[PDB]
Every structure is written in C-alpha cells, then in structure tokens.
Amino acid sequence: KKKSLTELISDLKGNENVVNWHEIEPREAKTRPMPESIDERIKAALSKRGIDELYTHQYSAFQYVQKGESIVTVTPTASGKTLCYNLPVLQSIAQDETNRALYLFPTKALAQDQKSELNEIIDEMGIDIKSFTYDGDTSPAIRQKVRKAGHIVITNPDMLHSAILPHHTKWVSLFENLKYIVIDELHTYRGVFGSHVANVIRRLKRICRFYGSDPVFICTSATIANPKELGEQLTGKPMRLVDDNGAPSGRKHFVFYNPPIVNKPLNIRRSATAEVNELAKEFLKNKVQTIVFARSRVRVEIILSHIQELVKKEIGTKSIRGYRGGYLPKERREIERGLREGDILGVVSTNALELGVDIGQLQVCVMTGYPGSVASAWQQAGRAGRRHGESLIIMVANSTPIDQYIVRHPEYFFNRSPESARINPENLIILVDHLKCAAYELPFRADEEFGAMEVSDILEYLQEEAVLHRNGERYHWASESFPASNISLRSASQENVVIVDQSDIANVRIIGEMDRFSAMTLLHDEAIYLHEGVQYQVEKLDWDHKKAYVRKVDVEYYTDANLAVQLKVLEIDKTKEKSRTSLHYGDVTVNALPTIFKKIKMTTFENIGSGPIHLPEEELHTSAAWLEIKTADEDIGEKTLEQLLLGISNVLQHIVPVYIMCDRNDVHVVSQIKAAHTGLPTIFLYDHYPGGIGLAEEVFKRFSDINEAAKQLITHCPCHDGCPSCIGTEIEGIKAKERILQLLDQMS
DNA sequence: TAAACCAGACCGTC
Ligand SMILES: Nc1ncnc2c1ncn2[C@@H]1O[C@H](COP(=O)(O)OP(=O)(O)NP(=O)(O)O)[C@@H](O)[C@H]1O
Ligand SMILES: [Zn+2]
C-alpha cells in the first residue's frame, strides 16, 4: 500500500506506455577550499550555511572576478548560483566599506528575494552593510535614503533605464565606487528586449566611466548555446565563461511517455491530461515531492482540480498547490516558500516556474506535453533532482505533431543543443531612442564610440530634429522633454485587467490579474475564472477601465474561448515583382475576434453549452513583408499547396530570427492560401510590435539571402522527409522536402 | 504559450 520513489520508478520502467528512458549519471562534487584571504566573519557566516569549501565554478568565479575579468556563469538549479556573485561583492564591501554594487534582476520579485537572502547573510556577518531594492515599487520617501545609504542596489534594467541613469547626479555615491555589476538572468535579455537592455548597459558604461569607476560584470545564465556570446554582446566587455559545474548531482531518469490509444482507426490517443493526473496521483499519494508543468493557465487549473480531487482521500487537502503568474504576490511568495521549506507536496504550474525562483529541488517532474523549445524542456527538467538521491522527469507527450515526433524519434530531442540568444543592439529605432536618453544624461562627444563604433551620423540626424544641439565636439540635450520616461524597454507591454470580487460589498477584494489581451477569452462577460481551484464567474468585463467584476458561485463546468485571427494589408508601399513571385513590404493589421465561448464539464470534459462574447475586434497595426505566389492555369492543388505553405512558414520562422538577429517571438510568419486583397497564396512575416520596429523591413531587404539559407537548412537537416526543425513533419505525401525546395527555387 | 516593466522634486489643494 506504500511504495518508495525507487519502487515507483521500477513500476514505471516496465510494462508501461513509456517510449524512452534516458539515464543521466550522478556527478560527485568537485571542490576547492575557501580562499582564506576572505574576511573571517564572511567565512563564519558561510560555515553556518553549510558552506565550508567552494565548488569549482564558485572558486573560478571568485578568482576571475578578483583579478578584474568579467564572467558569465552557467549555474544550474541548486548549484550555488547566488554565492558566485555574493562572495566577491560581500568580500569587497567588507574590505573597503565605501564600495558599492548594482544587482540587475529581470523581475521585482527576484530582486526582493535576493535582498532577503543578502540581508540574512549580512545579519550573520555582523557588519552594517545595507542592501536595498530600488525598483518601481520602492515608495518615493525611502528612495532618497536608498540612493545615499545603500551599499547594494537591486533594480531592473527597466528601472535602470527610467530612473537611475537619468538622475545619475542623485546617485553620485553609487557611481564613483562601483566595483561589481550583477546581471542575474542574461538569457531573458534577448531579442528586441535584449537589444534595448544592451544600450541601457552602454549608457551605464558611459556614466560609470564618467564618474571614475570601471566595474566588472558578473552574469548568471541559463543553458543557452551562446552564453558567453550573449554576455559579451550585452555587456560589451570581454566575458570569460564559467562552465564547469562542480555541484553534487544524483541519478536522473528522463523518460518519454506516450498516452495509450483509445480508437486506432481514427488514431486518437488518450489526453495527456488524464495520464498526467494519474501519474502525479501515484507519485503524490506516496508523498513524493512533485512538480507538474502545464502548457497553458487553464490546463494548470484543470490538472490542479483533478489531482486534488483524486489525491485528497489519502494525502489531505492542503498538500497540493497551483502556480501561475496571475496569482497575487503574497500568494506566490507563500507557494515559493512552501515548495522551498517542504510543506507543499505537489505544485501544478505554468512555465512561470521555469524562471529561476528558489523553490528548492523536486523529486519528480511531470511535463504535460513538450514545452515547445529544447531549452524550456531542460529548464522544466532541472526543477527536479536531489543532491544525492534519485530524480525522475516524465514528459507525457500529447497529440501535437511535434510531441509525437519527439516520441517516434527520441534521438531528435537529445541531440539538439538548446537555442541561441540573438540581439540586434544596432536596431535603428532602439539605438536612436537610447542615444537620445544617453545624450540627456551626459553630453555625448561625437568622435567617442557608442558600443561598436562612432555614431556621429545619427547625432547629425538628431541635431536636425531639434532634439540635440552641437557645441564644440559634444551634443547637448536641446529639449525640455524627458526622453527615458516615454521609452519602454519592453514596449510589447500592457495594462493588465484587474480581477475584482464584488460578492459582499462589505469586503470587496482584488483576487488576481490578467493581461488585457488574454481577458478577451478568459474574462469575458460570462467567463468562469479559476483561481487555484476557486471558482468565480465574471459578472462584467469593463474593457475600457481594465477591470473584471466576478462573483464566487460554484458550478460544474469551465469556459474556453478561441480567437479567430485575421491579417489584412492596408497599403503596399514598397514592392518588387519577379518571374514567379512578388515580394511586398507594407502596413498590415491583425484582427482578433472573440466570437463564442464553450462550456465544458470539468469532470467529463464534454461540451455542455455555448455563449456569445460581445467585445471589439481588437486589431494590432504593424508593418509586414510578404510573398505572393504567381499562379498560371497550370497550378498546384489547393490543399497540397496549403501544406507546402505551412512548411515554408516553418522554415521561415526558423531562418528569419537567425538572419535578422532577433528572437523567435519577435516576428510571426503566417500563411494564407487566398489573401483577401489579391486572392493569391501569400506568406506574411510581421513583427508583433505596435510600432513597426523594422524586422519585416530587413526581412524584405535581405530576403534573397534568407531564402537561400532556408534552402540550405532544408537540405542539411538530418531528418527523413521532415522534422519540427525544418518543414515541420506535417505534409502528407512522399518527398515533401523536394517539393518545398522547388517552391523555394521558384521564389529565388 | 506565459510572462514582465517604467523620473525627482516641487506645487497647489484638501
Ligand atoms: N559550498 C556549498 N556547500 C554547501 N551548500 C552549498 C554550497 N554552495 C551553495 N550551497 C547551497 O546552494 C543552495 C542554493 O543555491 P543558490 O545559490 O540559491 O543557486 P540556485 O539554487 O541554483 N538558484 P536557482 O537556479 O534559481 O534555483 C543553498 O541551499 C546552499 O546550501
Ligand atoms: Zn528536418
């Protein structure tokens, strides 16, 4: 009636729907002694924390930083990440208490957690070293004190952009004695957002070199293929990489699971949801600490409900919690604390827990479908694993062509190294914005470089635009305006819809948040919102004021709605015809229609009703490049053509971010069989950004190279006929690669 | 697919 973790592994190993088993060997610690040049109080505080010797990567980090070489360390989960930058910083401040340090954290939550850990170690040390967070949530009263009292300042790239750099005169104390700059999640600063952050760091560099201090960069990265490369491109300093993980590891089983078949003629497999519910059932009933990742928020709530209902009989009510970003802050801090301290047995989470928050180590990880990227899969996997014991990671594939491809061909996943991080810090829009901010902070000499090389031409352009005035060889700010306040480092942002519960008007409370775009389908005027298994019904969605008023009624079902997406070219402004195709660049609009939502019983998963959603067709206006296929009378069948269009779309989504150095999400590639304005099959590439940010323009400009590199990728892909790294394994004839390549020929 | 962020200081009225 009680099975151990190893016994449960044995049961899984045999006679199952398992399709692959991958054993990751245990790794015993590799270590060096604590450098006894360290302050004795620091050694004692670390000895209390079980840190008597250092790991190889921690030691290498310390020595590298001690000599002044900038580092980027790839410290996995529970591998002593924090100490790599905490030891140099605390050492150097304990040496000369006039020293200071910047911590750059991608979120405010991680900033608060780092402040907490630093405060604990500082209290154990006994020296009056103050570490403050200066994010947006810092109340304006304490900000003045923090500027001139905080030895360690913990912020965002965002808050570095908007407040610290432009008021560098109010941060004198910090800037004159800046020895270290910590960047905690290098990989999250990629794509266009990384392009912005790069120029933010350039402005930080110029302020530092002005105030008389050249600090050294300590970066932490996830497992991306180019960590040193992204680190150098982002910091602009020579980066030396810390690869060798010297932390203790345990046996790790990484298993591919495929639901059984329930109707072979129609070839429908069981829900990955049901198999995951039952697997987490078996693991949590035996009190095994388990993380269960789900691809969407709704599936997170569904799996939470099912798992809790099936396991409450044996384990209890309060042992299993959910996790998604729309939760309240206090809620998420408590769930993190509970996963850490060991009083939460199971957690069902969105990808929000791929982010390196400290929830400790899990024993079992369950993936309800392939996350969508190799790096995300490996991140979800690294969330489980004891220091010495065993660990198990089950990836229950679903009915996705990509997931079933991983299942039919498991070597494909384990040979692909995780994705690369690409930024273009010389995007015209981004570089111009940040030049304006930098000039506002300090007058910029024309001959002096900004990152790569001289930028005097853009400075002439800026003087022409009444914004800069040129005195001598330096351009001064020539406008009463404040540039950094109207520039958003992640302008693909939004106001969020606040979820308010007017049940009793005596105690009306905010129960959560949700991005405006998602509220169209998850918080419509009769939606059901599930907040950690708690049922609410949206009474009314105030779209204009970003509010969703709900009540706590108890029903049997849950709502799901889908968005019909459209794309309409407004006007073509640049175009180039060819022998068989035509390539245009112009303005397009993407339209999202809420249409109707469906009611589905939670227990049976059967449709029990439908309803309308009366919301506006929300349209995004942006720029796009697109390719029209010219057809004669001798033309391909429509649906063979459509499948070929989908293949070309996949190949383009792979090649374009590589060529124009941006992220895969910075540009979408949509296929249309009969475009509305021409009737001709078309491939659209539009960057999803309110203002056209020039990705589609560069796609149009360098499109021939993109095309031929696409052909190159198709021919040098190791698969038979097709895989999800090229034409996407969903064309329904033989020799699909050849047809795709021929279409690429007619485009070239 | 989910998720994330944004002057310092003064002014005029409660
Ligand atoms: N030299 C050491 N000896 C013993 N334990 C150590 C040592 N260095 C680090 N640790 C342990 O490391 C644990 C947490 O590591 P940490 O510095 O937080 O990186 P991390 O867990 O990988 N960050 P994350 O990837 O977001 O989870 C603590 O519980 C420490 O006890
Ligand atoms: Zn392939």
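Residues numbered from 1 in each chain as written, not as in the entry; some residues may be left out. Chains lettered and ligands numbered in written order. Heavy atoms only, no water.

**Side note on the overall build of chain A**
Counting its regular elements, chain A contains 23 helices and 34 strands. Compactness check: chain A gives a C-alpha radius of gyration of 27 Å against a globular reference of 27 Å for 748 residues, within 12% of the reference. Judged by the C-alpha coordinates and their principal axes, chain A covers about 75 × 75 × 60 Å. Looking at the 748 residues of chain A, the share that counts as buried comes to 51%. Expressed as a percentage of contacts within chain A between residues at least 6 apart in sequence, the contacts between residues at least 24 apart total 71%. Counting every atom, chain A has about 34,100 Å² of accessible surface; 48% of that belongs to carbon and sulfur. Averaging the positions of the 89 positive and the 101 negative side-chain charges in chain A gives two centres separated by 4 Å. (Helix = DSSP H or I, 4+ residues; strand = E, 2+ residues; numbered from the N terminus. Rg over C-alpha atoms; globule rule 2.2 N^0.38 Å. Buried < 20%, exposed > 50% of the residue type's maximum accessible area, 1.4 Å probe, protein only. Contact = heavy atoms within 4.5 Å. Areas by Shrake-Rupley, 256 points an atom, 1.4 Å probe, with all protein chains shown as cover. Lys, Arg positive; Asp, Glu negative; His and termini not counted. Charge placed at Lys NZ, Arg CZ, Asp CG, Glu CD.)

**Here we look at helix α17 (residues 428-441)**
Residue pairs three or four apart in sequence face the same way in an α-helix, which turns once every 3.6 residues. For α17, built from 14 residues, the straight-helix expectation of 20 Å at 1.5 Å per residue is met to within 8% by its first-to-last C-alpha distance of 20 Å. Taking burial as the measure, the 14 residues of α17 include 10 buried ones, the bulk of the element. Residues of α17 that are buried include every one of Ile430, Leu431, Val432, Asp433, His434, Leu435, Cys437, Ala438, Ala439 and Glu441, and no others. Packing partners of the buried residues in α17 comprise α7 (157-164), α9 (191-211), α18 (456-464), β20 (468-471) and β21 (474-477). (Expected span 1.5 Å × (residues − 1).)

**Notes on the coordination of the zinc ion (ligand 2)**
Six octahedrally arranged donors around a metal ideally form angles of 90 or 180 degrees; four tetrahedrally arranged donors ideally form angles of 109.5 degrees. Protein-derived ligands of the zinc ion (ligand 2) are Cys717 (SG), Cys719 (SG), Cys723 (SG) and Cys726 (SG), with the metal-ligand distances lying across 2.2 to 2.3 Å. In primary sequence terms, the donor set of the zinc ion (ligand 2) follows C-x1-C-x3-C-x2-C. Comparing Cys717 with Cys719, the two get one shared label, buried. (Donors = N, O, S within 2.8 Å, 3.2 Å for Na, K, Ca; no water.)

**Observations concerning the site of ligand 1**
Of all residues adjacent to ligand 1, which total 15 residues, the nearest are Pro76, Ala78, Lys81, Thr82 and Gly356. Between ligand 1 and the protein, one listed contact pairs a nitrogen atom with a backbone N or O atom of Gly50 at 3.3 Å. Take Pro76: an N or O atom from its main chain is 2.8 Å from an oxygen atom of ligand 1. In the complex, the protein chains occlude 73% of the 630 Å² of accessible area that ligand 1 would expose alone. (Near = heavy atom within 4 Å. Polar contact = N/O pair within 3.5 Å; in protein donor to acceptor, adjacent residues only side chain to side chain.)

**A closer look at the packing of aromatic side chains**
Taken as a whole and assessed by the stated rule, the structure comprises 21 aromatic pairs. With centroids separated by 5.5 Å and ring planes inclined at 85°, the aromatic side chains of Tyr85 and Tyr103 adopt a geometry described as edge-to-face. Here the residue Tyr85 occupies a position in helix α4 (residues 81-95), and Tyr103 occupies one in strand β5 (residues 100-104), the gap between them amounting to 18 residues. Side by side, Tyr85 and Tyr103 carry an identical accessibility label, which is buried. An aromatic cluster is present here, built from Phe254, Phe256, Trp378, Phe413 and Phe414 joined pairwise through their rings. Residue placement shows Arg299 over the ring face of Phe605; its charged tip is 5.2 Å from the ring centre. (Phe/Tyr/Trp six-rings, centres within 6.5 Å; stacked < 30°, edge-to-face > 60°. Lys NZ or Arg CZ within 6 Å of the ring centre and 35° of its normal.)

**Topic: helix α11 (residues 272-285)**
Compared with an ideal rise of 1.5 Å per residue, which puts 14 residues at 20 Å, α11 spans 20 Å between its outermost C-alpha atoms and is within 8% of the ideal. With respect to burial, α11 is a largely interior element, 11 of its 14 residues being buried. Looking one or two residues beyond α11, the residue adopting positive phi is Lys287, at roughly 55°.

**Thoughts on the environment of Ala377**
Position of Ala377 among the secondary structure elements: in helix α14 (residues 374-381). Each C-alpha atom, one on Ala377 and one on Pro483, is 40 Å from the other, the two residues being 106 residues apart in sequence. Setting aside residues up to four positions removed in sequence, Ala377 forms contacts with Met367, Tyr370, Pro371 and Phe413.

**A few points about the UniProt feature "binding site: ATP" in chain A**
Residues annotated in UniProt with the feature "binding site: ATP" correspond here to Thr75, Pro76, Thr77, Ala78, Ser79, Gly80, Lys81 and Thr82. Aside from chain neighbours lying at most four places away, what touches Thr77 is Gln361 and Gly382. Note that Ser79 resides in the loop between β4 (70-73) and α4. Beyond its immediate chain neighbours, meaning those up to four positions away, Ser79 contacts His57, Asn245 and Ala247. (UniProt positions renumbered as here; feature names shortened; annotations may be inferred.)

**Section: the pairing of β5**
Most of β5 sits out of view: 5 of its 5 residues are buried. Of the two faces of β5, the one carrying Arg100, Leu102 and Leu104 and the one carrying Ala101 and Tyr103 are both buried. In the sheet, β5 pairs with strand β7 (residues 152-155) via 4 bridges, with the strands oriented parallel. The partner of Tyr103 across the bridge, within β7, is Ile154. (Pairing = 2+ DSSP bridges.)

**With respect to the protein's contact with DNA strand B**
Close to DNA strand B lie 32 residues, the nearest being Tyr134, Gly136, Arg143, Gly325 and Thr350. Sugar plus phosphate: this is where 70% of the atoms of DNA strand B within 4 Å of the protein reside. Here a phosphate oxygen of DNA strand B and a side-chain polar atom of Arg143 are 2.3 Å apart. Take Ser162: an N or O atom from its main chain is 3.2 Å from a sugar or linking oxygen of DNA strand B. Those elements giving two or more residues to the surface near DNA strand B turn out to be α6 (140-147) and α7. For the surface near DNA strand B, the element with the highest residue contribution is α7, accounting for 4 residues. For the surface near DNA strand B, the per-class residue count stands at 7 nonpolar, 14 polar and 11 charged. (Nonpolar A, V, L, I, M, F, W, Y, C, P; charged D, E, K, R; others polar.)

**Considering the sheet that holds strand β31 (residues 607-612)**
A sheet is described by the order of its strands in space; here 3 strands give the open sequence β27-β30-β31, paired in antiparallel fashion. Edge positions in the open sheet fall to β27 (557-561) and β31, since each of these has one partner strand only. Adjacent strand axes in the sheet meet at a mean angle of 25° when their direction is disregarded. Pairing geometry for β27 and strand β30 (residues 596-601), over 5 bridges, is antiparallel. For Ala561, the partnering residue across the bridge sits in β30 and is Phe597. (Axes fitted to C-alpha atoms, helices over the stretch in contact; angles between N-to-C directions.)

**Quick look at the packing of α4 against helix α5 (residues 108-125)**
Viewed as axis vectors pointing N to C, α4 and α5 meet at an angle of 50°, and their least axial separation amounts to 12 Å. Classified by the angle their axes make, α4 and α5 are oblique. For α4 against α5, the interelement crossing comes out right-handed. Taking contact as the criterion, the partners of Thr82, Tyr85, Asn86 and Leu90 in α4 are, on α5, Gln114, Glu117, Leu118, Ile121, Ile122 and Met125. Across the contact of α4 with α5, the residue classes break down as 6 nonpolar, 3 polar and 1 charged. (Parallel < 35°, antiparallel > 145°, perpendicular 65-115°, else oblique. Left-handed = near helix turned anticlockwise from the far one by under 90°.)

**Some details on unusual backbone geometry**
Most of the time, phi is negative for any residue but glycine, and the peptide bond is trans. Not every positive phi belongs to a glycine, and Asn15 is a case in point at roughly 25°. Along the chain, the position of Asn15 falls in the loop between α1 (5-13) and β1 (18-24). Given the relative accessible area of 84%, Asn15 is considered exposed. In this structure, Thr729 takes a positive phi of about 40° despite not being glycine. For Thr729, the position within the fold is in the loop between α22 (703-715) and α23 (736-747). A relative accessible area of 24% means that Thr729 is categorised as partly exposed.

**Some details on a negative patch on the surface**
A contiguous patch of negative charge on the surface is contributed by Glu448, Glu449, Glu454 and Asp457. Assignment of secondary structure puts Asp457 in helix α18. What makes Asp457 exposed here is its relative accessible area of 55%. (Patch = residues over 30% accessible without salt bridge, like charges linked within 9 Å, V, L, I, M, F, W, Y side chains within 5 Å. Salt bridge = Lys/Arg side-chain N within 4 Å of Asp/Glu carboxyl O.)

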